[PDB]
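As provided, run.cif (mmCIF, N, CA and C atoms (P, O5', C5', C4', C3', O3' and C1' of nucleotides)) reads as follows.
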```cif
data_run
loop_
_atom_site.label_atom_id
_atom_site.label_comp_id
_atom_site.auth_asym_id
_atom_site.auth_seq_id
_atom_site.Cartn_x
_atom_site.Cartn_y
_atom_site.Cartn_z
N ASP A 9 196.52 -28.23 -177.32
CA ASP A 9 197.68 -28.16 -178.24
C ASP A 9 197.23 -27.59 -179.58
N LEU A 10 198.15 -27.48 -180.53
CA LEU A 10 197.83 -26.95 -181.85
C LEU A 10 197.18 -28.04 -182.70
N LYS A 11 197.21 -29.26 -182.19
CA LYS A 11 196.63 -30.41 -182.86
C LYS A 11 196.47 -31.54 -181.85
N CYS A 12 195.50 -32.41 -182.08
CA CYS A 12 195.27 -33.54 -181.19
C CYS A 12 196.53 -34.39 -181.07
N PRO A 13 196.90 -34.78 -179.84
CA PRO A 13 198.09 -35.60 -179.57
C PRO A 13 198.05 -36.95 -180.29
N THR A 14 196.85 -37.35 -180.69
CA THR A 14 196.66 -38.60 -181.40
C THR A 14 197.21 -38.49 -182.82
N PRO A 15 198.22 -39.32 -183.15
CA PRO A 15 198.86 -39.32 -184.47
C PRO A 15 197.88 -39.44 -185.64
N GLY A 16 196.97 -40.41 -185.56
CA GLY A 16 196.02 -40.63 -186.63
C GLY A 16 194.83 -39.68 -186.61
N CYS A 17 194.73 -38.86 -185.58
CA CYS A 17 193.63 -37.92 -185.49
C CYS A 17 193.94 -36.63 -186.21
N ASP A 18 193.07 -36.26 -187.13
CA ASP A 18 193.22 -35.03 -187.90
C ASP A 18 192.71 -33.84 -187.11
N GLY A 19 191.64 -34.05 -186.36
CA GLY A 19 191.08 -32.99 -185.54
C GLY A 19 189.84 -32.35 -186.15
N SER A 20 189.55 -32.66 -187.40
CA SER A 20 188.38 -32.10 -188.06
C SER A 20 187.18 -33.04 -187.93
N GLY A 21 186.53 -32.98 -186.79
CA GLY A 21 185.37 -33.82 -186.53
C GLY A 21 185.12 -33.98 -185.05
N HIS A 22 184.17 -34.83 -184.71
CA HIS A 22 183.83 -35.10 -183.31
C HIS A 22 183.02 -36.38 -183.21
N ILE A 23 182.95 -36.94 -182.01
CA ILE A 23 182.19 -38.17 -181.79
C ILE A 23 180.70 -37.85 -181.65
N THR A 24 180.36 -37.09 -180.62
CA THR A 24 178.98 -36.71 -180.36
C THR A 24 178.48 -35.72 -181.41
N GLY A 25 179.36 -34.86 -181.88
CA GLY A 25 178.99 -33.87 -182.88
C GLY A 25 178.78 -32.50 -182.27
N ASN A 26 179.58 -32.19 -181.26
CA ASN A 26 179.50 -30.90 -180.58
C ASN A 26 180.49 -29.91 -181.17
N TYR A 27 181.40 -30.43 -182.00
CA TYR A 27 182.42 -29.61 -182.63
C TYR A 27 182.62 -30.01 -184.08
N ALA A 28 183.10 -29.07 -184.87
CA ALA A 28 183.39 -29.32 -186.27
C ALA A 28 184.88 -29.58 -186.44
N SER A 29 185.66 -28.96 -185.57
CA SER A 29 187.11 -29.10 -185.57
C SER A 29 187.66 -28.73 -184.20
N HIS A 30 188.61 -29.51 -183.71
CA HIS A 30 189.23 -29.25 -182.41
C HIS A 30 190.72 -29.59 -182.46
N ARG A 31 191.43 -29.30 -181.37
CA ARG A 31 192.87 -29.57 -181.31
C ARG A 31 193.24 -30.20 -179.96
N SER A 32 192.36 -31.04 -179.43
CA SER A 32 192.61 -31.69 -178.15
C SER A 32 192.02 -33.09 -178.12
N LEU A 33 192.09 -33.74 -176.96
CA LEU A 33 191.55 -35.09 -176.78
C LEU A 33 190.07 -35.04 -176.39
N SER A 34 189.41 -33.95 -176.72
CA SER A 34 188.01 -33.78 -176.41
C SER A 34 187.12 -34.43 -177.47
N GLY A 35 187.09 -35.76 -177.47
CA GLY A 35 186.27 -36.49 -178.42
C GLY A 35 186.89 -36.58 -179.80
N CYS A 36 188.09 -37.14 -179.88
CA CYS A 36 188.79 -37.28 -181.15
C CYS A 36 188.04 -38.23 -182.08
N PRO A 37 187.70 -37.76 -183.30
CA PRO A 37 186.97 -38.56 -184.29
C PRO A 37 187.75 -39.79 -184.76
N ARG A 38 189.06 -39.64 -184.88
CA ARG A 38 189.90 -40.75 -185.31
C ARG A 38 190.99 -41.00 -184.28
N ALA A 39 190.62 -41.68 -183.20
CA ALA A 39 191.56 -41.98 -182.13
C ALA A 39 192.08 -43.41 -182.25
"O5'" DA B 1 195.06 -44.96 -156.78
"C5'" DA B 1 196.39 -45.36 -156.42
"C4'" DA B 1 197.34 -45.16 -157.58
"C3'" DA B 1 197.29 -43.78 -158.23
"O3'" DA B 1 198.54 -43.49 -158.86
"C1'" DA B 1 196.33 -45.38 -159.69
P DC B 2 198.68 -42.21 -159.84
"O5'" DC B 2 198.53 -42.84 -161.30
"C5'" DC B 2 199.31 -43.98 -161.68
"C4'" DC B 2 199.41 -44.08 -163.18
"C3'" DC B 2 199.48 -42.75 -163.92
"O3'" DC B 2 200.14 -42.92 -165.18
"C1'" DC B 2 197.36 -43.76 -164.30
P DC B 3 200.15 -41.72 -166.27
"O5'" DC B 3 199.06 -42.17 -167.34
"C5'" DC B 3 198.96 -43.53 -167.75
"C4'" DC B 3 198.16 -43.65 -169.02
"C3'" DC B 3 198.11 -42.39 -169.88
"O3'" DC B 3 197.85 -42.74 -171.24
"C1'" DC B 3 195.99 -42.75 -168.88
P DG B 4 197.98 -41.63 -172.40
"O5'" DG B 4 196.84 -42.05 -173.43
"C5'" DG B 4 196.71 -43.41 -173.85
"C4'" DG B 4 195.38 -43.63 -174.53
"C3'" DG B 4 194.97 -42.53 -175.51
"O3'" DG B 4 194.08 -43.06 -176.50
"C1'" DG B 4 193.58 -42.44 -173.59
P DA B 5 193.40 -42.08 -177.58
"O5'" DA B 5 191.87 -42.04 -177.13
"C5'" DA B 5 191.24 -43.19 -176.56
"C4'" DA B 5 189.75 -42.98 -176.43
"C3'" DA B 5 189.17 -41.89 -177.33
"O3'" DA B 5 187.79 -42.16 -177.57
"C1'" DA B 5 189.13 -41.16 -175.08
P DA B 6 186.92 -41.15 -178.49
"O5'" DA B 6 185.65 -40.84 -177.57
"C5'" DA B 6 185.04 -41.88 -176.80
"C4'" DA B 6 183.95 -41.32 -175.92
"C3'" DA B 6 183.11 -40.22 -176.54
"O3'" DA B 6 181.82 -40.18 -175.92
"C1'" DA B 6 184.50 -39.29 -174.86
P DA B 7 180.75 -39.05 -176.35
"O5'" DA B 7 181.21 -37.76 -175.54
"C5'" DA B 7 181.22 -37.75 -174.12
"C4'" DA B 7 180.71 -36.43 -173.60
"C3'" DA B 7 180.23 -35.46 -174.67
"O3'" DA B 7 179.27 -34.54 -174.12
"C1'" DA B 7 182.27 -34.67 -173.74
P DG B 8 178.24 -33.78 -175.10
"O5'" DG B 8 178.23 -32.28 -174.56
"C5'" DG B 8 177.32 -31.88 -173.53
"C4'" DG B 8 177.78 -30.59 -172.89
"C3'" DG B 8 177.50 -29.33 -173.70
"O3'" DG B 8 177.42 -28.19 -172.83
"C1'" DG B 8 179.84 -29.77 -173.70
P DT B 9 176.74 -26.83 -173.35
"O5'" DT B 9 177.65 -25.69 -172.72
"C5'" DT B 9 177.66 -25.46 -171.32
"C4'" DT B 9 178.98 -24.88 -170.87
"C3'" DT B 9 179.11 -23.38 -171.12
"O3'" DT B 9 180.04 -22.79 -170.21
"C1'" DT B 9 180.54 -24.55 -172.60
P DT B 10 180.33 -21.21 -170.26
"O5'" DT B 10 181.29 -21.03 -171.52
"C5'" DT B 10 182.58 -21.65 -171.55
"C4'" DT B 10 183.62 -20.69 -172.08
"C3'" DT B 10 183.20 -19.22 -172.13
"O3'" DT B 10 184.36 -18.38 -172.09
"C1'" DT B 10 183.32 -20.10 -174.34
P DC B 11 184.19 -16.78 -171.99
"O5'" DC B 11 185.33 -16.23 -172.95
"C5'" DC B 11 186.66 -16.76 -172.89
"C4'" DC B 11 187.39 -16.52 -174.19
"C3'" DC B 11 187.49 -15.05 -174.61
"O3'" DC B 11 188.63 -14.86 -175.45
"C1'" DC B 11 185.99 -16.20 -176.05
P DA B 12 188.82 -13.46 -176.25
"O5'" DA B 12 188.38 -13.81 -177.74
"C5'" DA B 12 188.76 -15.05 -178.34
"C4'" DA B 12 188.67 -14.96 -179.84
"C3'" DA B 12 188.70 -13.56 -180.44
"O3'" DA B 12 189.18 -13.61 -181.79
"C1'" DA B 12 186.52 -14.46 -180.66
P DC B 13 188.99 -12.35 -182.77
"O5'" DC B 13 187.68 -12.72 -183.60
"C5'" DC B 13 187.53 -14.02 -184.18
"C4'" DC B 13 186.73 -13.93 -185.46
"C3'" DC B 13 186.80 -12.59 -186.19
"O3'" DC B 13 186.53 -12.77 -187.58
"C1'" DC B 13 184.65 -12.86 -185.22
"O5'" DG C 1 172.48 -15.48 -180.21
"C5'" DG C 1 171.68 -15.29 -181.39
"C4'" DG C 1 172.27 -16.02 -182.58
"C3'" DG C 1 172.80 -17.41 -182.29
"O3'" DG C 1 172.77 -18.21 -183.48
"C1'" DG C 1 174.61 -15.94 -182.70
P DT C 2 173.48 -19.66 -183.50
"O5'" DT C 2 174.85 -19.39 -184.25
"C5'" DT C 2 174.89 -18.65 -185.47
"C4'" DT C 2 176.22 -18.82 -186.15
"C3'" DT C 2 176.77 -20.25 -186.16
"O3'" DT C 2 177.67 -20.43 -187.26
"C1'" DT C 2 178.06 -18.90 -184.68
P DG C 3 178.65 -21.71 -187.31
"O5'" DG C 3 179.97 -21.19 -186.58
"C5'" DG C 3 180.80 -20.20 -187.17
"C4'" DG C 3 182.25 -20.52 -186.93
"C3'" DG C 3 182.58 -22.00 -186.79
"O3'" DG C 3 183.94 -22.25 -187.14
"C1'" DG C 3 182.78 -20.93 -184.68
P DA C 4 184.53 -23.75 -187.13
"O5'" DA C 4 185.82 -23.65 -186.21
"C5'" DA C 4 186.92 -22.81 -186.59
"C4'" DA C 4 187.84 -22.59 -185.42
"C3'" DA C 4 188.58 -23.83 -184.93
"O3'" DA C 4 189.81 -23.46 -184.28
"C1'" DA C 4 186.96 -23.21 -183.33
P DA C 5 190.80 -24.60 -183.72
"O5'" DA C 5 190.35 -24.77 -182.20
"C5'" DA C 5 190.04 -23.63 -181.39
"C4'" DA C 5 190.47 -23.87 -179.96
"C3'" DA C 5 190.87 -25.30 -179.63
"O3'" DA C 5 191.78 -25.32 -178.52
"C1'" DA C 5 188.80 -24.78 -178.59
P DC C 6 192.38 -26.72 -178.00
"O5'" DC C 6 191.90 -26.77 -176.48
"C5'" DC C 6 191.73 -25.57 -175.73
"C4'" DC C 6 191.62 -25.87 -174.26
"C3'" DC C 6 192.45 -27.06 -173.78
"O3'" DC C 6 192.75 -26.91 -172.39
"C1'" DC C 6 190.15 -27.64 -173.74
P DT C 7 193.69 -27.99 -171.64
"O5'" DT C 7 192.83 -28.35 -170.35
"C5'" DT C 7 192.36 -27.31 -169.50
"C4'" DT C 7 191.26 -27.82 -168.58
"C3'" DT C 7 191.71 -28.89 -167.60
"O3'" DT C 7 190.87 -28.86 -166.44
"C1'" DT C 7 190.30 -29.87 -169.24
P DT C 8 190.86 -30.10 -165.41
"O5'" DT C 8 189.56 -30.91 -165.84
"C5'" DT C 8 188.33 -30.24 -166.10
"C4'" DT C 8 187.15 -31.15 -165.83
"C3'" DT C 8 187.37 -32.16 -164.71
"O3'" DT C 8 186.11 -32.55 -164.15
"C1'" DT C 8 187.35 -33.28 -166.81
P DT C 9 186.04 -33.74 -163.06
"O5'" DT C 9 185.47 -34.97 -163.91
"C5'" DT C 9 184.49 -34.75 -164.92
"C4'" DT C 9 183.87 -36.06 -165.35
"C3'" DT C 9 183.93 -37.19 -164.33
"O3'" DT C 9 182.86 -38.10 -164.56
"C1'" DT C 9 185.42 -37.65 -166.12
P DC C 10 182.86 -39.56 -163.86
"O5'" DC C 10 183.34 -40.52 -165.04
"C5'" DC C 10 182.90 -40.29 -166.38
"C4'" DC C 10 183.04 -41.54 -167.21
"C3'" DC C 10 183.05 -42.85 -166.42
"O3'" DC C 10 182.59 -43.91 -167.26
"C1'" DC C 10 185.22 -42.41 -167.29
P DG C 11 182.72 -45.44 -166.78
"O5'" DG C 11 183.80 -46.05 -167.79
"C5'" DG C 11 183.84 -45.61 -169.14
"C4'" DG C 11 184.88 -46.39 -169.92
"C3'" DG C 11 185.04 -47.85 -169.51
"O3'" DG C 11 185.56 -48.60 -170.62
"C1'" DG C 11 186.95 -46.61 -168.81
P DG C 12 186.16 -50.08 -170.39
"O5'" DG C 12 187.73 -49.82 -170.33
"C5'" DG C 12 188.37 -48.97 -171.29
"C4'" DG C 12 189.83 -49.33 -171.44
"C3'" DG C 12 190.19 -50.77 -171.10
"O3'" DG C 12 191.38 -51.15 -171.81
"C1'" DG C 12 191.03 -49.33 -169.41
P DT C 13 192.15 -52.51 -171.42
"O5'" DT C 13 193.47 -51.99 -170.71
"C5'" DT C 13 194.15 -50.84 -171.21
"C4'" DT C 13 195.54 -50.73 -170.61
"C3'" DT C 13 196.21 -52.07 -170.28
"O3'" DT C 13 197.63 -51.93 -170.29
"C1'" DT C 13 195.59 -50.98 -168.27
#
```

Using the file provided, produce a representation of the structure as C-alpha cells.
Amino acid sequence: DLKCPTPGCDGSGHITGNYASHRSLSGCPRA
DNA sequence: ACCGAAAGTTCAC
DNA sequence: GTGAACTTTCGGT
C-alpha cells in the first residue's frame, strides 16, 4: 500500500533494521 | 484456520 | 551500489 495498514505505524523504520522506510506490514516499527 | 507482525531481496536512481 | 518497497511465514486468536 502507500502506507502501512497499521494506524499507529508511520512506516519510517524497521524492527530488524533491514529498511529505513516502508509502506507494508513487513516489520512495522510501531505496530 | 485466519490474521497481524516480523522479515530480507529488488527495481529504480 | 544504495534506497525505498512487499508478500511470506510465524505466532496468536

Would you give me, as CSV, each residue of chain C having an atom within 7 Å of an atom of chain A, along with its shortest atom pair and that distance in Å to one decimal, using only C-alpha atoms (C1' of nucleotides) and sorting by chain and residue number?
```
residue,atom,partner,partner_atom,distance
C:4,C1',A:29,CA,6.3
C:5,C1',A:30,CA,5.9
C:6,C1',A:32,CA,6.5
```

Exercise for the section: Using only N, CA and C atoms (P, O5', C5', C4', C3', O3' and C1' of nucleotides), give me every residue within 6 Å of (185.0, -35.3, -180.1) in file coordinates, as an MDAnalysis selection string. Expected result: chainID A and resid 21:25 34:37

Exercise for the section: Taking the file as shown, find all residues satisfying the PyMOL selection byres ((chain B) within 6 of (chain A)) and write them as a PyMOL selection string. Expected result: chain B and resi 5-7

Handout entry: Straight-line distance linking atom N of residue 38 of chain A with atom N of residue 19 of chain A, stated in Å to one decimal
Key =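 So the answer is 6.3 Å.
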
Practice task
Find the distance between atom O3' of residue 11 of chain C and atom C3' of residue 1 of chain B and write it in Å to one decimal.
Solution key: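 Pair atom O3' of residue 11 of chain C / atom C3' of residue 1 of chain B returns 17.7 Å.
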
Practice task
Report the distance between atom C1' of residue 8 of chain C and atom CA of residue 13 of chain A in Å, rounded to one decimal place.
Solution key: 16.8 Å

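Applied to the file shown here, the PyMOL selection byres (((chain B and resi 3 and name CA+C1') around 9) and name CA+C1') selects residues 2 and 4 of chain B; 12 and 13 of chain C.
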
Emit a file covering chain A of the preceding structure with C-alpha atoms, as a PDB file, in the first residue's frame.
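Writing done, so here's part-v9.pdb:
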```
ATOM      1  CA  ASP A   9       0.000   0.000   0.000  1.00  0.00           C
ATOM      2  CA  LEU A  10       1.016   3.674   0.037  1.00  0.00           C
ATOM      3  CA  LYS A  11       1.364   3.346   3.797  1.00  0.00           C
ATOM      4  CA  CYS A  12       1.355   0.598   6.426  1.00  0.00           C
ATOM      5  CA  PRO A  13      -2.229  -0.574   7.208  1.00  0.00           C
ATOM      6  CA  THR A  14      -1.348  -0.107  10.868  1.00  0.00           C
ATOM      7  CA  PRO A  15      -2.917   3.193  12.080  1.00  0.00           C
ATOM      8  CA  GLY A  16      -0.168   3.987  14.585  1.00  0.00           C
ATOM      9  CA  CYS A  17       2.584   2.913  12.205  1.00  0.00           C
ATOM     10  CA  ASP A  18       4.328   5.756  10.416  1.00  0.00           C
ATOM     11  CA  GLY A  19       6.388   3.477   8.200  1.00  0.00           C
ATOM     12  CA  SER A  20       9.720   5.211   8.765  1.00  0.00           C
ATOM     13  CA  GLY A  21      11.687   2.460  10.466  1.00  0.00           C
ATOM     14  CA  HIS A  22      12.031  -1.292  10.912  1.00  0.00           C
ATOM     15  CA  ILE A  23      12.340  -3.982  13.582  1.00  0.00           C
ATOM     16  CA  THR A  24      15.426  -5.874  12.432  1.00  0.00           C
ATOM     17  CA  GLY A  25      16.794  -2.829  10.641  1.00  0.00           C
ATOM     18  CA  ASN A  26      16.665  -4.018   7.042  1.00  0.00           C
ATOM     19  CA  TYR A  27      14.770  -0.926   5.915  1.00  0.00           C
ATOM     20  CA  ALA A  28      14.764   2.787   6.647  1.00  0.00           C
ATOM     21  CA  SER A  29      11.210   3.318   5.440  1.00  0.00           C
ATOM     22  CA  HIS A  30       8.487   1.012   4.116  1.00  0.00           C
ATOM     23  CA  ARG A  31       4.757   1.008   3.297  1.00  0.00           C
ATOM     24  CA  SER A  32       3.685  -2.515   4.265  1.00  0.00           C
ATOM     25  CA  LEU A  33       3.386  -4.972   7.171  1.00  0.00           C
ATOM     26  CA  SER A  34       6.982  -6.036   6.576  1.00  0.00           C
ATOM     27  CA  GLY A  35       8.268  -5.413  10.094  1.00  0.00           C
ATOM     28  CA  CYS A  36       6.299  -2.356  11.191  1.00  0.00           C
ATOM     29  CA  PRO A  37       8.332  -0.350  13.778  1.00  0.00           C
ATOM     30  CA  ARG A  38       5.204   0.903  15.524  1.00  0.00           C
ATOM     31  CA  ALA A  39       2.590  -1.838  15.279  1.00  0.00           C
TER      32      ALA A  39
END
```
